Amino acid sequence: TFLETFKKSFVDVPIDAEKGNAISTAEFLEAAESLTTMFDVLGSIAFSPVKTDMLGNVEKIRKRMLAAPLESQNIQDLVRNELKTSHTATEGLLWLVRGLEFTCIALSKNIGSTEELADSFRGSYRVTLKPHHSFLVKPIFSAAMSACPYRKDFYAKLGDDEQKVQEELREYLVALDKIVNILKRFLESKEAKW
């Protein structure tokens, strides 16, 4: 299946429940980068702005990790220790998590309904990224989502066995949603404000 091509799944990103659901930085960034390959499946050209945006935010985080590695081993510590300085990686995390949630809601909505892909994406956009985007960025996202493939064509690209693709994508989305929820709670805390 397409999902088995992933360098890193969100299923395999470590979470340290004893240290406040510490999300391991390296595996998380690799998982975010793998998820961007799904934009190519959906519409290489159409979703290139979303991929580019997401990859830029990943890179902001990676830059900081590399510059301060012992202080940046999990996402929460990475943020705590940058916020004595620069908020570049922290701000990158904010926007990455919004992009991950946009993708997560859209796909979860679509697989749990018969809606067309374009509408699952539109409804997700409304509740994730749209309120934070400028008047010039909204039309970029709107044009991209209108160019979604027909849902049948999308899932066929994910593998030949409809049942296996669905079970595996659900497991993936559940794991992503868990990580999104943890990081959103972290980001809304005073700990993460600059």
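Don't overthink the numbering: it's just position in the shown sequence, from 1.
Counting the unmodelled positions of the deposited sequence between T85 and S86 gives a small gap of 1 to 3 residues. Look at the C-alpha B-factors of 138-146 and of 61-69. On average they run higher in 61-69. Judged by mean Cα B factor in the deposited record, 11-19 ranks above the other of 11-19 and 167-175.
Take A46, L158, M54, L35 and read off each C-alpha B-factor from the entry; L158 has the highest.
Per the PDB record, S113 has a higher Cα B-factor than any other of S113, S120, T90, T103.
In the deposited entry, the Cα temperature factor of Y125 sits in the bottom third of values across the chain's modelled residues. In the deposited entry, the Cα temperature factor of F154 places it in the highest third of its chain's modelled residues. Per-chain ranking of the deposited C-alpha B factor places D40 in the middle third. For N81, the recorded CA B-factor ranks within the highest third of the chain. Only modelled residues enter the ranking.
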